[PDB]
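Coming up, as structure tokens: structure 1 and structure 2, two forms of one and the same protein chain.
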Structure 1
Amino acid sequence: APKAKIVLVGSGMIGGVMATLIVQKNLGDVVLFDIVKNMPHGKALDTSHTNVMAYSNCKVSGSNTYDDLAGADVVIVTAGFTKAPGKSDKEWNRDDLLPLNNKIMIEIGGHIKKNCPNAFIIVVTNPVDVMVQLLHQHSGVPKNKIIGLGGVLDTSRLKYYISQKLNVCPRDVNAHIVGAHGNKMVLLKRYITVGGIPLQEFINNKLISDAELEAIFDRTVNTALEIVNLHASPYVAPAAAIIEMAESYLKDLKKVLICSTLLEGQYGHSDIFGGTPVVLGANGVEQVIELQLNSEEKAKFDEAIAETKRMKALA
């Protein structure tokens, strides 16, 4: 068919949810690729039955062969590790895994360059703002054809927690988190709206306080940790955020979505990837939007980029 071909490089917890949502939305044929033998065939078979319940017609097939990248329209990379082996859940962060996940990105980039150089790529593997640039360099793809997950996920949390306090539809809260995904993410209080109205109006009316919002900000930064400490793992919202990005691409919706992208002067920064609103459509990254940040907000953005540069050197 001229159905899109979507290759999930990595068939773990995020991979399984992505496959499920692609069939629900009838977005295209799916390949679950992994290095683990047999497992991706098992998940694919299970998932393929749901075409019946969903009134869809998407193939879902497993793969242990890199050459099945051939002909891909969209490549989604989750391959790598989720925790360090021998650290505890209380101390979960990023430093020894870096050269190893570097190696995985380099291997995957080579297979992309050979098999699907015209594919649109989404990178997920952490630390994402480092790994996305490494894959960019080794795959050879144009700068408008590769992005990383960060802001759609981080803002989903902030938007959701505010909507519960104000008793409004979650999607009616808009908000911006920039710079990097991780503990230096920059939460922009000045860019939060409710039904398109400045959040400051709701603060002046005593519907939500400054102190409540400080606690929600800390909650947003520490959410992945909060979920690990409740004896679970974040993969459902991560999968839904990635599928919103891939769907904007495939259907040429042109949504404004905060993603990691090559900076060429925005915010003062070049030769690095960082999180900012972009427009995603049929030509990929159609527009990179630069927020007109003030000096206090710029100083936080600078701290986030410096941490990406630090980990890049260790990779």
Structure 2
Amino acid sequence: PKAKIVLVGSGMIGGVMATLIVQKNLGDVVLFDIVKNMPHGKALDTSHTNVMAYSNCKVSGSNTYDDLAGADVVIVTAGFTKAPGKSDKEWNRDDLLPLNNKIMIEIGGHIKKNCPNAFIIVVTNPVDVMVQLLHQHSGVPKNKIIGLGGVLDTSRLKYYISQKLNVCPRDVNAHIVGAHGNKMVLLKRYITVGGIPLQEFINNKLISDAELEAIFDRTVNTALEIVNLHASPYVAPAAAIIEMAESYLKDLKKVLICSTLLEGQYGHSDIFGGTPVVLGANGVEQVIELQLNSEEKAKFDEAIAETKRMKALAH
């Protein structure tokens, strides 16, 4: 029987996710939200695309937490997108902390009761904090919950480099680790193009170090760039989440960078941080530790310290 996918939060990212799930025929979808009627409306609209897509996925709205019962995958976007009061210039994910904390606790209790065996993907910011909080309150095993970060951050870095080099976007591979936010760690040493070290393209003057520095800055500030032009990013975040959910559902075993519980990797324990993992039928099947140098490790440490700082304020 089809997988049951519950989207806890039916806002902008939730809507794109439901659309992409039907396009890919991935499973039945529940759009859950605290807002009355809205999820039912989005679900109805989305359900009709089964015709155009040649798919057969139910799409239903919900205002009832117990509809989590029987969930195979739960995706959590519930929460605030901006500190009610701060300008778009001064956004920052850190300010979402006080707004989204209590929400993870409430959701965690309902997961523990209704679907303790579900695979969980957390999106709510600041994600590296929120994911651990949900882990602690839902009681699920460490191999069954991850947070969105690296797939999204690297899509931007990969894309921008592919534009400069005039190659297929997917042919650029790259790693961003530690945390999802302004302290994200961009690993220049681990960038490849068609499996070839980026340094060879730099040596050939096909792309310069200065151009790469500008792309790095653009990558870190992308969410901000989009807000200064439109609104909180939702299309690419949704596509990133679905790539993760799909790897689990279809046992693809893709290597994808996500927030996961660290147990000594990079010298860190008792905290979640971004690192390449392998996602398949058993959830997080492997946690891959990059063999970072001391300079890279120092930056990783800065990222973890910021997650810890915000974790303390959420309590």
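Please note that residue numbering is based on structure 1, beginning with 1 at the start of its sequence. Shifts are known only where both forms have a C-alpha. Here, rigid core means the biggest group of C-alpha atoms that superpose within 1.5 Å across both forms.
Core-based superposition between structure 1 and structure 2 leaves all of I197, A232, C169, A215 but one with CA shifts under 2 Å; the exception is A232. With the core held fixed, the Cα of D95 is displaced between structure 1 and structure 2 by 2 Å or more. 94 to 100, 231 to 233 make up the set of runs between structure 1 and structure 2 where every Cα shifts by 2 Å or more, each run at least three residues long, with the core as reference frame.
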